[PDB]
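Structure 1 and structure 2, given next as C-alpha cells, are two forms of the same protein chain, each shown alone.
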Structure 1
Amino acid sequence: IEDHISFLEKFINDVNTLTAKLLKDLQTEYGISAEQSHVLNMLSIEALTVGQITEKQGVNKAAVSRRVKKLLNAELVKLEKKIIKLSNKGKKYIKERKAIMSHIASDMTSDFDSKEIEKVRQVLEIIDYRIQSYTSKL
C-alpha cells in the first residue's frame, strides 16, 4: 500500500549506491565528480539551463554553478545561444556509461521474460507520465 513508497525509496537508493561504485573509475579518470556526471546524466536527456537543473534537484543553486562551470571548463558541456548541451567529449563519456550499465543490467536480467518486463514498462511509462504531468502544475 505504501510499503511501495519505502521500497521505491530503497530501490532508488540502491541503484544509486551501485551506480556510483561502477562509475568511480570512469569519473576519476575524467576528474569529474559524481554530481557532475549526475548532471552529465540529466543533460544526456535534454539541454537545461543551470536554473532548470537546481529545481530538478532540490539542491543549492550555488553548487549547481560550481558544477556547471567546472564542466564547461572541462569541455564536457557545450553552452548554446544560458542553455547548455553536451560537448562532443562529454558524449564519449555517456557511451562509456551505458557500456557498463548494460553489462550488468543484462547480467541480472538473463533469466527474465521480456514479454513480462514489457507490461511493467507500460505501467512505469504511465506512472512516469503522471509524475511528469506534475513537473508542471505551478
Structure 2
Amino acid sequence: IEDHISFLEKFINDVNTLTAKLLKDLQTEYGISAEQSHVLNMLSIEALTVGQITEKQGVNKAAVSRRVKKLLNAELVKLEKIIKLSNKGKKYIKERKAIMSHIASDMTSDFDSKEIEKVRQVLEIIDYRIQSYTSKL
C-alpha cells in the first residue's frame, strides 16, 4: 500500500542496473553517460522543443539544456526549432533497442499477450496521471 511504492522503487533500481550492465560496452564506444544516453532514448520516442524536454526531464532546466547542447556537439542530435536525433543518434538507438528487446522478449516469452496487455493498461493510466500531476505545480 506503501510497500507498493517501495517495490516500484526496487523494480526501477533493478531495471536501471540491468540496463547499465547490458549497455556498458555500447555507451563506452560512443563515450556517452547514461545521463546523456537517456535523453536520446527520450527523443527516440518523439521530437521535442528544447523547452518541452525540460518539462519531461524534470531536473534543472539548465542541466538538461547542457546535455542537449552536449549531444549537439557530438552531432548525435540535430535541429528542427525542434530537437531530433541525428542519423548517428538513430544508429545508437537501434543498437540500444536491439539489445533491450532481445533480453526483454526472453524474459516474457512464457507470458500470454493478454496478460501483458492488461498490466500495460493499468500502467498507462498511471503514466497518464503522473504526467498530469507533473504538468500542474
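Along the sequence of structure 1, residues get numbers from 1 upward. Think of the rigid core as the biggest set of C-alphas that the two forms share within 1.5 Å after superposition.
Student: Between two rigid parts that rotate between the two structures, there's a hinge somewhere. Which of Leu48, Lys92, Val59, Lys69 is there?
Tutor: For the motion described, the hinge option is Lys92.
Student: Please report, as a whole number of degrees, the rotation of the smaller rigid part relative to the larger part between the two structures.
Tutor: The angle the smaller part turns through between the two structures is 15 degrees.
Student: State the core-superposed CA shift for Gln52 between the two structures, in Å to one decimal.
Tutor: Once the two forms are fitted on their core, the shift reads 5.2 Å.
Student: Please report, in Å, how much the Cα atom of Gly31 moves between the two structures when the rigid core is superposed.
Tutor: Rounded to one decimal, the shift is 1.3 Å.
Student: Quick one: CA shift at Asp128 between the two structures, core fit, Å?
Tutor: The alpha-carbon displacement, core-superposed, is 0.7 Å.
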